[PDB]
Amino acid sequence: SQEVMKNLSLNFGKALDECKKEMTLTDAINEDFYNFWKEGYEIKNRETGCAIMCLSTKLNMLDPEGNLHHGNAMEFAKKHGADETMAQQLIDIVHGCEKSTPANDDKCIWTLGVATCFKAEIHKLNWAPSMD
């Protein structure tokens, strides 16, 4: 549900400010986060992939190679209002996109691709939120 996905994204984003400092990241990234769930919007900045990976890691959802920890990702979904069935769905999508996205040494870019694949799957389900 959109409503859930809205709360997830707001909460995934909360620690952005800490990552900064910790990464040297710019304001191109805030424009990418602000626009993320916009239909057809396309993330072009490498450094936004870096920021997602830093956020996910800080939430214990990511191993040091960029892959999803499925258990921890379920725990994060459930903490923010996803029931079981929605959470496991979110998980099957990230995992599916992990498998489909070309492998890449550049974790930041690979993370872009996964996050793009994910966003597209979520619009398809009619779950992408309107983030004011």
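Start at 1 with the first residue shown and count on from there.
Higher mean Cα B-factor in the deposited model: 23 to 31 or 79 to 87?
Mean B over CA atoms: larger for 23 to 31.
Which has higher Cα B-factors on average according to the PDB entry: 45 to 53 or 98 to 106?
The deposited B-factors put 98 to 106 ahead on the C-alpha mean.
Could you say whether, by C-alpha temperature factor, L8 belongs to the lowest, middle or highest third of its chain?
Answer is lowest: the recorded C-alpha B-factor places it there.
Lowest, middle or highest third: which one holds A120 when the chain's residues are ordered by CA B-factor from the entry?
Middle third of the chain for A120's C-alpha B-factor.
Classify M74 as lowest, middle or highest third according to the C-alpha B-factor given in the PDB entry, relative to its own chain.
For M74, the deposited C-alpha B-factor lands in the middle third.
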